[PDB]
Amino acid sequence: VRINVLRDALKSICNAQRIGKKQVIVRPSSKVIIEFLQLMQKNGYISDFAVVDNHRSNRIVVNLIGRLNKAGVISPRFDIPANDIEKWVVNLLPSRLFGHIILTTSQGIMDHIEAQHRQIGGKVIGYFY
Amino acid sequence: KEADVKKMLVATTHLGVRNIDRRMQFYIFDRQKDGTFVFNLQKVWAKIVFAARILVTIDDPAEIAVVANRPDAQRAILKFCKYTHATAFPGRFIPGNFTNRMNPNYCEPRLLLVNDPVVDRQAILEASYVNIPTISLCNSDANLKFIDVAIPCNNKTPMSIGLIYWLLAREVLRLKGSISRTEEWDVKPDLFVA
Amino acid sequence: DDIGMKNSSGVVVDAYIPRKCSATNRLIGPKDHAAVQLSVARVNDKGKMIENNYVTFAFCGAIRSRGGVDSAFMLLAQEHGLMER
Amino acid sequence: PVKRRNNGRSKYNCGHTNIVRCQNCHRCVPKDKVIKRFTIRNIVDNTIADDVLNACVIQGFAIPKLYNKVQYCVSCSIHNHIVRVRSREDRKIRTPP
Amino acid sequence: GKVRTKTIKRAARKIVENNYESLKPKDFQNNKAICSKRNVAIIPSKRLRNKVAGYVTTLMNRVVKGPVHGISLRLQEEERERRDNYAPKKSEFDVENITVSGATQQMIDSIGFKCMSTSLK
Amino acid sequence: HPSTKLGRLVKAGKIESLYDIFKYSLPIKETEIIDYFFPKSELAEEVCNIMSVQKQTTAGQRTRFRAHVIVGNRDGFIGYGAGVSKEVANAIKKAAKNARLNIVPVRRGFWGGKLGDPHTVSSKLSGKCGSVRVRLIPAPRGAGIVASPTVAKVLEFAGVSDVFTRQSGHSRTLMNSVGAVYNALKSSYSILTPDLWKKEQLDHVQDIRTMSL
Amino acid sequence: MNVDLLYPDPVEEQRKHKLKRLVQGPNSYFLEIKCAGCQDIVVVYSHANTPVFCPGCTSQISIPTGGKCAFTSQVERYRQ
RNA sequence: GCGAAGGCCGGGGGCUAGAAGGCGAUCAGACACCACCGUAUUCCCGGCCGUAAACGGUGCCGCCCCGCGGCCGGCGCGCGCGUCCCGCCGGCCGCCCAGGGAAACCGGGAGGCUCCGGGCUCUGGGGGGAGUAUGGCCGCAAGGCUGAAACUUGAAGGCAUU
RNA sequence: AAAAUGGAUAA
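Chains as they are written, first to last, in the authors' numbering: chain SJ, 2 to 130; chain SA, 16 to 209; chain SY, 4 to 88; chain Sd, 2 to 98; chain SU, 2 to 122; chain SB, 28 to 240; chain Se, 44 to 123.
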């Protein structure tokens, strides 16, 4: 059984960007995997994305400007205390200055900076750098 | 040019070997009754004219050196080296010609031109160590490693190697405007044959 | 484009900045050997002459080893336009 | 260390092979670890090449030829020199010599 | 059993390419004079002079008939040059090829000029 | 003479500043060139472990000595190269020569606050050589260099004075521990960040091999 | 050739497996047969793995096959 | 639930090999190896037993991952029309691009990890003592499964190079 | 065809 849609899909993005693979393919698509990609495209780590709505699992198209290093998901999706979002940042972030950890908060899918600006905490979904 | 296309079809340059790779499928054209591959000559011109274009970039054409270990060829390289201003590095490659500060044949070329990677692999390998962009001219089976560009060509007959070397040199000099400028070439197609 | 790390003042403070591969955007390495800033030459055509000034393409060291440096080139100069489709 | 990837046998996808015995040792080695080189030879030694045919009354009779596979054990073979101890580089090459 | 030492072989090669005309195919003594002729070459000791002389007489035989590589002669480079720079009296190779290969026709069709379409065919 | 095409260009001054040569990734094989390009305190050096190396042959055992030398300047430059020779001192000289050729540019970094001039490392740069796996983690201003006594001093010559390290493997090996860190320190420039993602440059006529004095 | 997955050449999708297509769907289609009294369309399953019978007749129009079903009488291509 | 081989229980069998046993040579002594003879066994039907270098010494599903291949089972499209050519899937395999690892080397993973987090399960923690003792439990037994401690010792051990 | 052995301790 495909236990996690996001992990395989994020490994596949990263796999394409080591082989260059300007055009990348994600086969199983979930709303969260779209929300992760808009967050990435808005950041600019990935250039853009789309999904071909075949009337089954909706396959996803990924376009990467090629400037990508490691993009992995953190599951088990531990909820993080708002005060200690940084301890997870120390382990998963290259430099406190750059990088992003996408969390899920009630207000909506939000990145590490937005969470501490609102002083809020959420379940870790993944790290994109 | 229809008379050069007739010459290219005469050279049998449009012939290929058994199989191609992901990169080579671009130059592939068709399958014969026996099964070796064939190449579209449009791909031959773009690659050879591109090679002419890229070859004028480095001042001191000895720096755009030529290396080959193919019996049918070497002579064509030895004719190109004469018609252009390049230096041939043929026969035994002397592995470590490019490296070794005290090498009898110290070589530091700025660009490289080969007869093909498979015939002498040391040549293409010796690009990575010495920071050198490398070019070769290959048949349908193409191990395209380290090579900026590669040109589909038979590389099976002295005549085929000769006519692509003639077409390259004619274009290299014509693209420069040094001679010909698309006029009858100063040397014949048969001059480069072994 | 203000490329490079900066202080609170905003001047580039990371000393040397490595160039980027044209096809993968990976930074050409400090001791990477295969990656090269080779130059491609345009022609007047009516002039039929080199104009002395022309574009350069950096082929990343990794792509050279991977073997895709050739198919990358046709695309690199296709967007530039000098090479045909 | 694994001297060879085949691990010394050609057993692939089965997990079992039928077992035979060395012509010499009579050691039982599964079909996969067996030399098995096919033999075809004239029944009288080629030294009696045509001496027999000149002696043979019947016209156009050809000397009978044996067509027997010889199955030897690995241990028996190296000591009878049917195959030698190859070098690390030499082991991968096949091409029956 | 006799095989020559490297010192003799190396010098002998120099003496055969320094002067092929002066050296002799069978006369060891003519070569012996050239081997020990002060400015031409010096061999310390007669036996070493004799050693080079025997080889330079055999090497003279080698150069005379089908010379092995590593030896240079004035005539050899010039004589080779004439054959390499000889182009066919008239290059009859191009002519009209005729006999079209089976699918080669499409490649000419797909580049804008037909190579005498159905004339070589 | 100057043996290399780059070596003559360096003495001539056609290509100047070590940082420019590193930018074009030109292999440097001339020892004399580094001393000419940088005369500032020459290079600070350390002789890390001259190990004893042996080959048992017939009657007795041959004993070469293998030495690893750290040569560096606190301008984001660290040099780690080694040499082995029968003479113990000669090995050190051969190592210093190697240490000159493989001097590697270190990016250097600014932490959460860019208060002044770079003393921190760039990202959590990580390199492994042998079995020793080491990650250089950026550290706060007051944090200095935390690592093995020998590994930390390699960092001081590199010029990072704000780093955190956790090397894992057979660390007792001076040969690969201080070697794995060298891979990490060089990796500093191989890594990339969003400002570095901006596409510019491609000056073309600036190729070191193209330049002729 | 800078084709990307978003628009794959039709032949590529037609060559690949009907599940491994950027748009997955039916490999099979409806192919006509000809019967007594009919010059018009007599559509049938292209890959019938079961017997179809001559309209108003006892004999079976399509032979059973794991793949596309074969026929013993005159037949008409796809849809017309 | 099934599970090689050997064992064992009750019937049968009984050719050949052949645990034991005798025997010759064999050597200092061989009661070992090599001959010769031979019971159990091998064979069969109903039972137990529950082990193996049960091996790919690589758990189980899941997904991406580079070219050259061989075989194999369906399954297609064009060619002249062949048991062709390109392949599409499920396997069987050889070489191996990345990449990994102490390396041998895996690379259809032993890759996508210190830039560590798809899920479920077992199992280990220096080397002996020790699969030992005992407490069970299962078995006709032989034994299997679970499973100690006291005590000792500085190396044991992997792949490599000379 | 027949061949077993070599104290400890440093070198």
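All C-beta atoms, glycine included, are put in the ideal place defined by N, C-alpha and C.
Proximal chain SJ residues relative to residue i, where beta-carbon distance stays under 9 Å
i	result
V66/Se	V53, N55, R60
Residue i vs residue j beta-carbon contact at 7 Å
i	j	result
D33/Sd	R5/Sd	no
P29/SB	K38/SB	yes
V134/SA	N84/SA	yes
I121/SJ	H113/SJ	no
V62/SJ	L7/SJ	no
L104/SJ	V91/SJ	no
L201/SB	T237/SB	no
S11/SY	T72/SA	no
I105/SB	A207/SB	no
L65/Se	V53/SJ	yes
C77/Sd	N19/Sd	no
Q18/SJ	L94/SJ	no
Residue-level contact to chain SY via CB, residue i, 7 Å cutoff
i	result
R68/SJ	yes
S143/SA	yes
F65/SA	yes
C-beta neighbour in chain SB for residue i, strict 7 Å
i	result
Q40/SY	yes
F99/SJ	yes
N146/SA	yes
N10/SY	yes
Neighbour flag for residue i against chain SA, beta carbons, 7 Å
i	result
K34/SY	no
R236/SB	yes
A61/SY	no
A37/SY	yes
Proximal residues of chain SY, C-beta to C-beta of residue i below 7 Å
i	result
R134/SB	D17
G21/SJ	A26, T27, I66, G71
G139/SB	Those within 7 Å of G139/SB in chain SY number zero; the least Cβ separation is about 11 Å.
Amino acids of chain SA, ordered along the chain, whose beta-carbon sits closer than 8 Å to that of residue i
i	result
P89/SU	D205
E87/SY	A61
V46/SY	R68, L190
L70/SB	Those within 8 Å of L70/SB in chain SA number zero; the least Cβ separation is about 21 Å.
Under 9 Å from the C-beta of residue i: neighbouring residues of chain SA
i	result
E82/SY	What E82/SY touches in chain SA: nothing, since even the nearest Cβ is about 15 Å away.
C-alpha distance - residue i paired with residue j, whole-angstrom precision
i	j	result
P21/SY	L182/SA	38 Å
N169/SA	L188/SA	23 Å
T85/SB	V159/SB	34 Å
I9/SU	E18/SU	14 Å
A88/SU	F94/SU	12 Å
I55/SB	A142/SA	16 Å
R162/SB	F137/SB	17 Å
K12/Sd	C74/Sd	16 Å
residue 239/SA	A126/SB	This structure gives no information on residue 239/SA, because the portion of chain SA shown stretches from 16 to 209.
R38/SA	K22/SJ	14 Å
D80/SJ	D49/SJ	29 Å
Chain-ordered chain Se contacts of residue i [CB-CB under 9 Å]
i	result
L78/SY	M44, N45
Interface partners of residue i on chain SJ, CB under 7 Å
i	result
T220/SB	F99
Residue i: contacting residues in chain SB (beta-carbon distance under 9 Å)
i	result
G45/SJ	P221, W224
Under 9 Å by beta carbon: chain SY residues contacting residue i
i	result
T72/SA	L41, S42, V43, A44, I53, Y57, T59
Below-7 Å beta-carbon distance, residue i vs any chain Se residue
i	result
residue 1/SJ	No answer is possible for residue 1/SJ: it lies beyond the span of chain SJ, which begins at 2 and ends at 130.
Original post:
In chain order, which alpha helix (DSSP H) runs of at least 4 residues are fully inside the region 116-152 of chain SA?
Top reply: 136-144
Subject >> Contiguous beta strand (DSSP E) assignments of at least 3 residues, all confined to the region 177-209 of chain SA >> reply: none
**OP:** Just list the beta strand (DSSP E) runs in the region 15-48 of chain SY, keeping only unbroken ones of 3 residues or longer that don't cross its boundaries, in chain order.
**Re:** 39-42
Original post:
Counting only runs that start and end within the region 45-112 of chain SU, where is the alpha helix (DSSP H) found for 4 or more residues in a row?
Top reply: 47-65, 75-85, 105-110
Subject >> Whole alpha helix (DSSP H) elements within the region 108-186 of chain SB, 4-residue minimum >> reply: 115-128, 176-185
**OP:** Only counting runs of 3 or more residues, tell me where the beta strand (DSSP E) segments fall wholly within the region 81-117 of chain Se, in order along the chain.
**Re:** 86-88, 103-106
Subject >> Continuous alpha helix (DSSP H) assignments of at least 4 residues falling wholly in the region 16-72 of chain SJ >> reply: 32-44
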